[PDB]
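All remarks here apply to the structure that follows.
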Amino acid sequence: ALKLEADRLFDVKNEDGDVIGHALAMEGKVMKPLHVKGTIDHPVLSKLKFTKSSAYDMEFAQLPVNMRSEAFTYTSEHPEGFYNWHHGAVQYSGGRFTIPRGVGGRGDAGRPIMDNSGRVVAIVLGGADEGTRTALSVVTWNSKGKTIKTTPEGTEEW
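Residue numbering for the sequence shown is 107 to 264, as defined by the authors' numbering.
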């Protein structure tokens, strides 16, 4: 089990070059959180014309015909239980995605949350610490393709 995967997750760096978030190829588009003001570290992607979507903290461009294959798949069905993400397990209960306190922060905006079949279930934007856990502020689409945005009280954008 070698982890040979397509180029789907890209970096977004700041003026001096600090990774401040992520951008992903999914469902024909390259998308990244609008609040992440940096450049996509990619010779092709960084030259695209990005359409803004303030209401959802999303910014997106059309994936070059070629790359359209190297992309994630979305899924609007997320039964309660555990999910996967860069830092480990993400729990989904009570309509909320949570991670342990002190784990998320700058650099995590734009990172997907996936299931065991490898489909994206959401995209992290920020988090609000509640007790021993952190409630994430994510973007998720419903069965009818409508973009939805969940933002807990006191969410700090990452």
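Every residue gets a Cβ at the ideal spot worked out from N, C-alpha and C, and that includes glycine.
CB contact flag (residue i, residue j, <8 Å)
| i | j | result |
| --- | --- | --- |
| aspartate 214 | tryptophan 247 | no |
| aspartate 163 | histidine 141 | yes |
| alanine 234 | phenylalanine 203 | no |
| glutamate 262 | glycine 232 | yes |
| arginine 239 | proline 185 | no |
Residue i - containing beta strand (DSSP E), residue span
| i | result |
| --- | --- |
| residue 266 | Residue 266 is absent from the structure shown; the chain starts at 107 and stops at 264. |
| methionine 132 | 125 to 132 |
Neighbourhood of residue i by C-beta, 8 Å cutoff - its chain only, sequence neighbours within 5 removed
| i | result |
| --- | --- |
| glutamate 133 | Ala177, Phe178, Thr179 and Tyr180 |
| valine 118 | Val125, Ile126, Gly127, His128, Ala129, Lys138, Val142, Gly144, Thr145, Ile146, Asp147 and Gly216 |
Residues of its chain near residue i, where Cβ-Cβ distance is below 7 Å and the 5 sequence neighbours each way are ignored
| i | result |
| --- | --- |
| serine 249 | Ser182 |
| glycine 211 | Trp264 |
Closest Cα partner of residue i within the set the options
| i | options | result |
| --- | --- | --- |
| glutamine 168 | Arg202, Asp117, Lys138 and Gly194 | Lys138 |
| residue 273 | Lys109, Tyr198 and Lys252 | This structure cannot settle anything about residue 273, because the visible part of the chain is limited to 107 through 264. |
| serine 175 | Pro218, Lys155, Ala112 and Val226 | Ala112 |
| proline 170 | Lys155, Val209, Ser159 and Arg225 | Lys155 |
Same chain, Cβ closer than 6 Å to residue i, five either side skipped, listed in chain order
| i | result |
| --- | --- |
| residue 330 | No answer is possible for residue 330: it lies beyond the span of the chain, which begins at 107 and ends at 264. |
| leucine 151 | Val136 |
Counterpart residues of residue i in DSSP-defined beta bridges
| i | result |
| --- | --- |
| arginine 239 | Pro206 and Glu236 |
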